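Student: build me a structure from this.
(chains A, B and C)
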Amino acid sequence: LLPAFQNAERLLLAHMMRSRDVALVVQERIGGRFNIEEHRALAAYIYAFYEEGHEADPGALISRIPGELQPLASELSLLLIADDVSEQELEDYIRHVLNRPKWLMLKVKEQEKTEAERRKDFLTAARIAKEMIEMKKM
Amino acid sequence: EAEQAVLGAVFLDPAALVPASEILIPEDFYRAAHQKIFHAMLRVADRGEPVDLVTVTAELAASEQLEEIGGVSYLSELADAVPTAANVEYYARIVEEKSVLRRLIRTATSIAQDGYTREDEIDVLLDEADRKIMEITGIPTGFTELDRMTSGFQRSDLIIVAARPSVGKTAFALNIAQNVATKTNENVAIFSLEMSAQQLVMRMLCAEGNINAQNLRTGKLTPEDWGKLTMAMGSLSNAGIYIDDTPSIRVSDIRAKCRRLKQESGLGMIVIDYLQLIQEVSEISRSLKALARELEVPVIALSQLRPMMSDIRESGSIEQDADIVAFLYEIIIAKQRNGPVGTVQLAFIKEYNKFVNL
Amino acid sequence: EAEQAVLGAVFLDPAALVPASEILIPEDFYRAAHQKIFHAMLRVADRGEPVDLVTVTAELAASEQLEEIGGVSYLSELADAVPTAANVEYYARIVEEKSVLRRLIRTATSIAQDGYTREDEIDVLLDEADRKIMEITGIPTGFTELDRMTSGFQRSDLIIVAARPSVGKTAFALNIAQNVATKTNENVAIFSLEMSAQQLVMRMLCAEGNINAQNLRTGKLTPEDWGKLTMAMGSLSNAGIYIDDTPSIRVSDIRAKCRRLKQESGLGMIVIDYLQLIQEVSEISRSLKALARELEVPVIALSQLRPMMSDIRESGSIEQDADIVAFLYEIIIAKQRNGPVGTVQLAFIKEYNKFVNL
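Tutor: Numbers count the residues shown, from 1 in each chain, chains lettered A, B, ... in the order given. Structure as follows:
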């Protein structure tokens, strides 16, 4: 039951497990800036392989990288794609990950927004809608 | 239960009441909320006034459905539950169909029991229980004056210019367009659909050099027309002209040859010819609506049945899959949603194949 | 997987129904839903309109295949499923095999559990597989003023010389493949279907040894016509030919035959029977274009329908396929891109069946 974006963040930890000049631009693009709590250190072990220069492959990399990060990165290699990648699939995951945070920006402040509900405020509590609805319009 | 999806969009627009208050009424809503919601959603238009959930949060709290709707939770959670903003109509229809259910129940249920009640009256009971139910922009043409009184030819268009068996739809595409690919650089992916390209390359060159009327099919040409064919030979094969002729299929020949060339040549037009023997019609006609949506450029689609809209209104989508439907009687107009209603005339010869200007 | 992340683009576009029913239709979906999801995906955008999740939730809830399929419990799970709506292709050219898994498994599990039938009529189960499992530049042309005209035969061409009745088509074969075997080691083969190949061997030996008036079609001659025999078979045996009269053939023969006759013979031309017997006539020409492109040699298949290109049409297809149509009244070679096309007939003798050029 994996949602929409969780796989667009994976549109990296497999597109750079198999192609690293399709990973140098991530340094430029997704620093990051990453979403998930254990998916930041994974990137931190990706770019550091680009310097020493050895045999780069799907499974040669995922052992650097001791334990836990293998019934995870190996399950990041039980996938169903290929190495024919577009310019507008490279301009796609630009929003995806780094902006899933902005989907969050209609949750933690709603706790406040919905707490103006409990005080029967609809004068000004019926404005944050514009600082929400017409905030997602970018 | 479309209602849920039917009420929560007058925020996204927000004037998503421009057609929504030009369609139905609050009654259709079963729950005492949605009705008295849409009832107080229909007091704005007196000026007016205009559109905001807050103009309704000072409206359903004023006439207390504040404690009679679904509470605050249920109010914003309408902005939070409707995505596709371009529907509205639509959309709101299924509810009237849930209300078409309602259009029958407390009509028939009345009568079904009337054999235990109006027993009695009957002829009275009849005629009443029955009378209840009684309700330039502007991609080119060559004769520049023809991207004007209509205005192109532009991105996402099912430009249909049809005619009878071999009148206009046969070679019309070999005229206007050979000024978008040969003259300006907005290339093509063509399909010959009244012949193979061997006969559809033998029909357009007739226009250039005043050639093909002696003829080429039987013999050759005269001395000065070779020194006029050599002045008509290099604007087809050399040119960005790449037709396709493949036999009885559905539609896939286009897209099997019109996806790889999205990045290569440029794609400024996509070309289509005749219809009624490529093997009903709309599953082949809508196969060009979301195509000019995906590839993004003006497209020509010459169908067959006068041609009026009416006579091609049963042998093709045409009115719907294409707002634009020009004809070939002159290029008769019918329905345009891109430019002014100026009509035009260019005379046709019928031999050398040329629609020469007025 | 290849399905468990598919439908998102049809909301993200959402008019991505065109690359779906592109190479596909509503049936390529085992999982009880996706099929009538896509059937409910077609007739909806068959208006109309184009597309959005809700409009999909409509006809499914209508066919109450939302009590029958499940409900909205998938809509959010498939709106939120696709992490990029550019796969699409793809994925309809990688998920093909997924349901193509069983295109020849239905048509094979049949015959296996249907040894338990034809026993009886035995033989016939051959043709169910045939229609359910199944689915001088140059090596010289004909004449020297016809080998300074068009020029050939070159690498890979489907040819049809639509030959008239009444006038003749006999000696044309005795002057397109009579001397080409008996000079250079690009040898040939002769398809003579409906008649036994051996009655046709009174046609070219009586046209290579110039002996056919005493006569060479019925027994013992007068002590004379045993004169010019040294020119009939005295060159037609030091070459390499397979003459033919094998059953009322389809065309997959000369595909399995020509996979081991390109490796069985020497190959310069492949002379097949007239295009109006092999079957149901039009289909044969369409798959006769590729035949010149396999064995790496141009392939011939004439016809028995004025004579022009619209009489092989009152019994066939041809135009989009064969791109060089010669004739016999007059070899009206009125088709190509190479350049030369002309009006040419030749003189006749008919005591020896001889062609004449000047």
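Student: buried residues in the top helix by length along chain A?
Tutor: Criterion DSSP state H: the longest helix present in chain A is helix A:93-104. For helix A:93-104, the neighbour count (16 or more other C-beta atoms under 10 Å in any protein chain shown) marks A:93, A:96, A:97, A:98, A:100 as buried. Just so you know, the C-beta spots here come from the backbone N, C-alpha and C atoms, and that holds for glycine as well.
Student: care to break the chain down by domain?
Tutor: All of this refers to chain A. A:5-100, A:101-137 (CATH domains of a matching chain).
Student: please go with chain B instead
Tutor: B:1-116, B:136-358.
Student: turn these into TSV, columns for distance to residue C:128.
Tutor: Shown next, in TSV, are the domains of chain B (distance: least, C-beta to C-beta, whole Å):
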stretch	distance to residue C:128
domain B:1-116	47
domain B:136-358	23
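Student: chain center to stretch A:96-109: distance?
Tutor: How far stretch A:96-109 lies from its chain's middle: 12 Å, per C-alpha atoms, centre = their mean, to the nearest Å.
Student: now do stretch A:16-29
Tutor: Mean-position distance between stretch A:16-29 and its chain equals 14 Å (C-alpha atoms, centre = their mean).
Student: then stretch B:135-153?
Tutor: How far stretch B:135-153 lies from its chain's middle: 18 Å, per C-alpha atoms, centre = their mean.
Student: repeat that for stretch B:75-90.
Tutor: How far stretch B:75-90 lies from its chain's middle: 24 Å, per C-alpha atoms, centre = their mean.
Student: same thing with stretch A:73-93?
Tutor: Counting by C-alpha atoms, centre = their mean, stretch A:73-93 comes out at 13 Å from the chain centroid.
Student: gap between the two ends of it?
Tutor: Start and end residues of stretch A:73-93 are separated by 20 Å (C-alpha to C-alpha, to the nearest Å).
Student: check which residues of it are buried.
Tutor: Those would be A:73, A:76, A:92, A:93, for stretch A:73-93 by 16+ other C-beta under 10 Å.
Student: check those residues against chain B and report the nearest one.
Tutor: If you rank those by distance to chain B using C-beta to the nearest C-beta, residue A:92 comes first, at 15.5 Å.
Student: quick one: contacts of the longest helix of chain A?
Tutor: Contacts of helix A:93-104 with the rest of the structure, by C-beta atoms under 8 Å, 6 or more residues apart in numbering or on different chains, involve A:5, A:8-9, A:11-12, A:29-30, A:32-35, A:136, C:83-84.
Student: same deal with stretch B:315-322?
Tutor: B:157-160, B:275-276, B:281-282, B:285-286, B:288-289, B:301, B:303-305, B:309, B:312-313, B:325, B:335, C:47-48.
Student: ok, now with 10 Å
Tutor: Stretch B:315-322 has contacts (C-beta atoms under 10 Å, 6 or more residues apart in numbering or on different chains) with B:157-160, B:162, B:275-276, B:280-290, B:299, B:301, B:303-305, B:307, B:309-310, B:312-313, B:324-325, B:334-335, C:46-49.
Student: try stretch B:110-121
Tutor: Residues contacting stretch B:110-121 (C-beta under 10 Å, 6+ apart): B:122, B:124, B:125, B:126, B:128, B:129, B:130, B:132.
Student: now the phi/psi pair for residue B:347, please.
Tutor: phi -80, psi 140 (degrees, to the nearest 10).
Student: in the sheet, who's paired with it?
Tutor: When bridges are called by DSSP bridges, residue B:347 pairs up with residue B:356.
Student: from what I can see it touches residue B:330, true?
Tutor: Yes. With contacts counted by C-beta atoms under 10 Å, residue B:347 reaches residue B:330, the gap being 8.9 Å.
Student: if we can go back for a sec, among the domains of chain A, which is nearest residue B:265?
Tutor: Distance to residue B:265, taken as C-beta to C-beta, is lowest for domain A:5-100 among these, at 16.8 Å.
Student: for the closest one, measure first residue to last.
Tutor: With C-alpha to C-alpha, one end of domain A:5-100 sits 7 Å from the other.
Student: likewise for stretch B:263-273?
Tutor: Stretch B:263-273 has its terminal residues 24 Å apart, counting by C-alpha to C-alpha.
Student: mind jotting down where the helices sit in chain A?
Tutor: Using DSSP H, helices in chain A cover A:24-28, A:39-44, A:93-104, A:110-113.
Student: measure whichever residue of the stretch 201-350 of chain B sits closest to chain C to chain A for me?
Tutor: Nearest to chain C in the stretch 201-350 of chain B, going by C-beta to the nearest C-beta, is residue B:290, at a distance of 3.7 Å. From residue B:290 across to chain A, the span is 18 Å (C-beta to the nearest C-beta, to the nearest Å).
Student: contact partners for the closest residue to chain C within the stretch 51-200 of chain B?
Tutor: Closest approach between the stretch 51-200 of chain B and chain C, counting by C-beta to the nearest C-beta: residue B:84, at 3.6 Å. Residues near residue B:84 by C-beta under 10 Å, 6+ apart: B:5, B:9, B:12, B:90, B:91, C:11, C:14, C:51, C:52, C:53, C:54, C:55.
Student: what does chain A put close to chain B?
Tutor: The interface of chain A toward chain B, taken as C-beta under 10 Å from any C-beta of the partner chain, is made up of A:86-88, A:106, A:110, A:113-114, A:116-118, A:120-130, A:132-134, A:137.
Student: drop anything exposed from those.
Tutor: When neighbours are counted using 16+ other C-beta under 10 Å, the residues of chain A next to chain B contain these buried positions: A:106, A:110, A:113, A:116, A:117, A:122, A:125, A:126, A:128, A:129, A:132, A:133.
Student: from those residues, which ones fall inside strands?
Tutor: Among these, the subset assigned to strands under DSSP state E is empty.
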